[PDB]
Amino acid sequence: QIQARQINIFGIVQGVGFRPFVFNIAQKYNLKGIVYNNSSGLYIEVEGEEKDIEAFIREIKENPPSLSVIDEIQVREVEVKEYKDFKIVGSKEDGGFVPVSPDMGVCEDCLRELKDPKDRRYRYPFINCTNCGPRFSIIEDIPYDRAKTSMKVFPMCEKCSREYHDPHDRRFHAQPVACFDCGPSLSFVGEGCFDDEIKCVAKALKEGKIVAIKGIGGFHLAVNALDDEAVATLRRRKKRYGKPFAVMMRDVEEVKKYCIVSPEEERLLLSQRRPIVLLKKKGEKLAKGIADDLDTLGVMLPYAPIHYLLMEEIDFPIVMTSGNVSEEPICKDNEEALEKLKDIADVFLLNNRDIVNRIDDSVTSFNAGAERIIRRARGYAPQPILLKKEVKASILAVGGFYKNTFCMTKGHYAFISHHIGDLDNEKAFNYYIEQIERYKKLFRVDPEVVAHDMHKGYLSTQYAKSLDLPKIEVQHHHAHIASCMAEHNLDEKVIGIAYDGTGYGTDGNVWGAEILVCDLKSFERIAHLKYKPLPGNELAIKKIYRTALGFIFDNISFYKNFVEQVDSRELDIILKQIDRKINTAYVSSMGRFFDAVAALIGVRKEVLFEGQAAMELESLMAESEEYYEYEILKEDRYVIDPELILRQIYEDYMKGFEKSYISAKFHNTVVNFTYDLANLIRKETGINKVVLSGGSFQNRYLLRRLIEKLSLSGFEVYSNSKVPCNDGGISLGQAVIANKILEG
Ligand SMILES: [Fe+3]
Ligand SMILES: [Zn+2]
Ligand SMILES: [Zn+2]
């Protein structure tokens, strides 16, 4: 017997080698039929053995082409039609852009040619073809063409030229084609070294030195991830970091030794997008100082020819952290890196190919049955987000402050930028401004309106106000909810749960623990945490014991052991400044709530970076169904007093309960009261769609447990997946809100 199916794939499917893929996996499972493009995405007709079609449907479902963004797959039964063969058939929809693709990791064919001793490009560190290599990182302008890339200064040799022009070659119109004879080459700076440049880097790593490596999107810093001393000297030389290091490993087998790797996680690792994937550790096997006191590790695989070559010369994982002092934009030019990283790196691996657009490594993960991206950069940007509704007019969304991205709309596309970083330094600002001009140029966008955060002290806000265009201001947490709404094409009233550290509220106070009823044009504040004073504002976020004190300010005597640990003079002044309202904001913030908890139970008195106590509190928790009592009090809106929950936490602490146990109980309390609020709002409003966004949802337990709880009570639950739930996704939300305000 023979079985026949008709398959529709909706989403971004062009420009990603999807059709040649379908053709190949057709010859694989020996199937007959056709594939072609349509307006919605792709059309497939397939017939053959029942075991081949279910597997075909699985390969498309489980490992589709890396650069594709599949939104929906539909399968219907159809009558057998007896096809002779399989064909890639054309359509009026053929040649459907996007003009600029993300940078791509080395493809399987280039890998095999890199490792083939008989191949002219054997060991060539800049090998690429039509299906891989640098794209965005070297592109100045459009249409995509060598002359409009940093490859224009290299004249092609004969051998590369005929490959480029041969329509049946895998390097046909491969713009950055190269070989040893005509292409870029590597250089080694530092101490003398006789060998080839990769071997030198291997030697330097082996000796416990820091190597600055020029990759695709910029420079990165590497040491031997098994060498405690080398990791320690990098920690000392950055000195202002604290953040965990990402690590590069040679293959999935090596990852499975250090981390838990599910199939979806393996798909993200092996993807040509090649991101860092945050993974659960399997027992401490790496050096101290990589990712201490945390149960997760960011792992990436090789992505450029240089890494594959490096991997056969070393037998240890390597730290691969951004090439910057502190946290400013990473270096991109040779001379810029040699100066900026002089006190960090011992040696450098350079090359003579300009990086035009610097772009950081992406950082992603898998949780609650979907990809949850933390930092959307190399391999993802500058691919647009697909919108169901055509945008009325072109909007520039300037984003926010932390982990900034900007966003431009045109047609059915939201062109969100790659991760820019914190807009709090000259270097970040230039990078930002510069890249706005580049995106405008690459995607032919001329913005008519500007959307910005309500906060007046953001560089992004100041920039918006400095432009000569109508301005729409957007509340921070509304933009979080909306950013998720854009992903899932929602355009109706939802229950929006916006939990994060901070964002300017419409009442003038800090928000970040809000339940909103909102659509794309407006919102209503329905619920938040009871305001507590944050004495010293910014300082209290580093010294989180101050946040604790702010939360417990009207009930100091209850927390005897904790308050007696604080210097008496400081305590007096902290308590007086709250009374006199000096340098003190009032906050409704999930990030601060967590910080207070962390401080009270001796996890952390002071943090090296924002969110450290939040991440550690999550890592140390035990398995527990238990939780703390809470009262939902109805005032002007629905409010919960965090101090009443802190009371019980401190009690448990004083009785000698484990931090692991208390952390778990706290996590369940937030989940439980949030669920209870969501039910109250649904009961009043009739709204059954819930959106979860804001940085707090980077917490795996929080997101997972809440999606489960709400789904099991009939909620239709949505959270970020294509853009981050952190401030990296804000711009997308700003854009869709601005569009909706214009529309009517
Ligand atoms: Fe935020
Ligand atoms: Zn290739
Ligand atoms: Zn050549």
Side-chain angles (χ1 to χ4, degrees), residues 100 102-103 134-141 149-150 212-221 238 240-241 243 321-341 344 353-363 374-383 396-408 415-443 445 447 450-453 457-467 723-724 726-732 734-735:
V100 182
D103 305 288
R135 295 295 181 276
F136 173 69
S137 69
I138 63 180
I139 289 165
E140 291 159 29
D141 197 21
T149 65
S150 63
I213 300 166
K214 196 184 180 177
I216 301 297
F219 283 79
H220 296 84
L221 293 159
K238 294 213 56 170
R240 295 201 169 265
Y241 209 50
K243 271 192 173 69
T321 174
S322 74
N324 52 10
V325 328
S326 198
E327 282 181 285
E328 83 284 323
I330 61 162
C331 292
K332 83 177 185 202
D333 289 300
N334 300 352
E335 61 283 347
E336 176 202 355
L338 293 163
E339 204 77 12
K340 201 86 168 76
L341 308 184
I344 327 265
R353 196 176 69 191
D354 288 349
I355 295 163
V356 172
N357 310 300
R358 99 192 65 219
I359 185 162
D360 266 295
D361 292 333
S362 288
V363 176
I374 282 90
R375 177 200 268 167
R376 195 191 140 90
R378 182 180 47 74
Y380 289 80
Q383 187 167 59
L396 168 64
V398 296
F401 166 45
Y402 305 99
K403 306 171 152 76
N404 172 100
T405 62
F406 62 80
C407 186
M408 285 158 206
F415 297 103
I416 184 158
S417 78
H418 50 286
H419 176 81
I420 304 293
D422 297 353
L423 292 176
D424 68 348
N425 54 283
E426 174 182 359
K427 199 167 170 191
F429 197 62
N430 294 150
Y431 185 30
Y432 175 82
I433 301 310
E434 254 190 55
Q435 284 294 306
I436 289 169
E437 298 306 312
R438 182 129 282 144
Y439 276 61
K440 279 197 279 188
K441 206 198 278 188
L442 299 181
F443 306 107
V445 179
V450 192
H452 69 83
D453 202 278
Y458 281 13
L459 274 169
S460 62
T461 299
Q462 299 186 48
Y463 170 74
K465 297 194 203 294
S466 77
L467 286 167
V723 300
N726 63 44
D727 293 4
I730 282 296
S731 65
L732 174 60
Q734 290 173 341

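The first residue of the sequence shown is numbered 1, and numbering continues consecutively from there. Both backbone and side-chain heavy atoms feed into the values below; hydrogens, waters and symmetry mates do not.
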Original post:
Residues in side-chain hydrogen bond (donor to acceptor under 3.5 Å, both in side chains) with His452, at least two apart?
Top reply: none
Subject >> Residue list, salt bridge (charged side-chain N to carboxylate O under 4.0 Å, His left out) with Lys427, at least two apart or on another chain >> reply: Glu336
Original post:
Are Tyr380 and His419 linked by a side-chain donor-acceptor pair shorter than 3.5 Å?
Top reply: no
**OP:** Mind checking the SG-CZ spacing from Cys407 to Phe415? Nearest 0.5 Å is all I need.
**Re:** 9.5 Å
**OP:** Compare all side-chain heavy atoms of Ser417 with those of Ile436 and state whether any distance is below 4.5 angstrom.
**Re:** no
Original post:
Using the ring of each side chain (for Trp, its six-membered ring), is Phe429 parallel, tilted or perpendicular to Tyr432, with breaks at 30° and 60°?
Top reply: parallel
Original post:
Taking it one step at a time, do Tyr463 and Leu396 satisfy side-chain contact (heavy atoms from CB on, under 4.5 Å)?
Top reply: CA-CA 11 Å; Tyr463 170 74; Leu396 168 64; 4.0 Å; yes
Original post:
Do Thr405 and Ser731 have side-chain atoms, one donor and one acceptor, less than 3.5 Å apart?
Top reply: yes
Subject >> Minimum heavy-atom distance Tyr439-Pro382, with the two atoms named >> reply: OH-CB, 3.5 Å
**OP:** Please round to the nearest 0.5 Å and tell me the distance separating atom CD1 of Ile359 and atom CG of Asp103.
**Re:** 6.0 Å
Subject >> Partner set under ring-ring contact (aromatic ring centres under 6.0 Å, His included) for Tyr402, not counting sequence neighbours >> reply: none
Original post:
Taking it one step at a time, do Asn726 and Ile374 satisfy side-chain contact (heavy atoms from CB on, under 4.5 Å)?
Top reply: CA-CA 7 Å; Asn726 63 44; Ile374 282 90; 4.2 Å; yes
Subject >> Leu221 side, atom CG; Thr321 side, atom OG1 - distance, nearest 0.5 Å >> reply: 6.5 Å
Subject >> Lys243/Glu327 ion pair, N-O < 4.0 Å >> reply: yes
Original post:
Taking C-beta and beyond as the side chain, do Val398 and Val450 meet within less than 4.5 Å on heavy atoms?
Top reply: yes
**OP:** Can you see which heavy atom on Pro329 is nearest to which on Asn324, and at what distance?
**Re:** O-CB, 4.1 Å
Original post:
Side chains of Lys214 and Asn334: donor-acceptor distance under 3.5 Å anywhere?
Top reply: yes
Original post:
Does CD in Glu339 sit with more than 12 non-hydrogen atoms of other residues, nucleotides or ligands closer than 6.0 Å?
Top reply: no
**OP:** Apply the test side-chain contact (heavy atoms from CB on, under 4.5 Å) to residues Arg353 and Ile216: give CA-CA distance (whole Å), side-chain angles for both, the deciding distance (0.1 Å), then the verdict.
**Re:** CA-CA 10 Å; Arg353 196 176 69 191; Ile216 301 297; 3.8 Å; yes
Original post:
Say you draw a straight line from CZ of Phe406 to OG of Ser460; how long is it, rounded to the nearest 0.5 Å?
Top reply: 12.0 Å
Original post:
Which class fits the ring pair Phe401 and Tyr458: parallel under 30°, tilted 30 to 60°, perpendicular over 60°?
Top reply: tilted
Original post:
With sequence neighbours excluded, what pairs up with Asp424 under the salt bridge (charged side-chain N to carboxylate O under 4.0 Å, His left out) test?
Top reply: none
Original post:
Rounded to the nearest 0.5 Å, how far apart are CG of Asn357 and CD1 of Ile138?
Top reply: 9.5 Å
**OP:** Could you pull out all residues at least two apart from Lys332 that satisfy salt bridge (charged side-chain N to carboxylate O under 4.0 Å, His left out)?
**Re:** none
Subject >> Residue pair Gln462 / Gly457: nearest heavy atoms and the distance that separates them >> reply: NE2-O, 4.0 Å
**OP:** Output all residues satisfying salt bridge (charged side-chain N to carboxylate O under 4.0 Å, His left out) with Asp360, sequence neighbours left out; order by chain, then residue number.
**Re:** none
Subject >> Separation of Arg376 CZ from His418 NE2 (nearest 0.5 Å) >> reply: 11.5 Å
**OP:** May I have the step-by-step check of side-chain contact (heavy atoms from CB on, under 4.5 Å) for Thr149 and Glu140, ending in yes or no?
**Re:** CA-CA 6 Å; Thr149 65; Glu140 291 159 29; 5.7 Å; no
**OP:** Could you check if a side-chain atom of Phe219 sits within less than 4.5 angstrom of a side-chain atom of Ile330, using non-hydrogen atoms only?
**Re:** no
Original post:
How far apart are the closest heavy atoms of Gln734 and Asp453, and which atoms are they?
Top reply: NE2-N, 3.3 Å
**OP:** For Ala428 and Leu423, work out which heavy atoms get closest and say how close.
**Re:** O-CD2, 3.9 Å
Subject >> Backbone N/O of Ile355 and side chain of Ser150: donor-acceptor pair under 3.5 Å >> reply: no
Original post:
Are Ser362 and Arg375 side-chain neighbours, meaning at least one heavy-atom pair lies under 4.5 Å?
Top reply: no
Subject >> Side chains of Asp361 and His220, donor plus acceptor under 3.5 Å >> reply: yes
Subject >> Donor-acceptor pair, side chain of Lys238 and main chain of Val325, under 3.5 angstrom >> reply: no
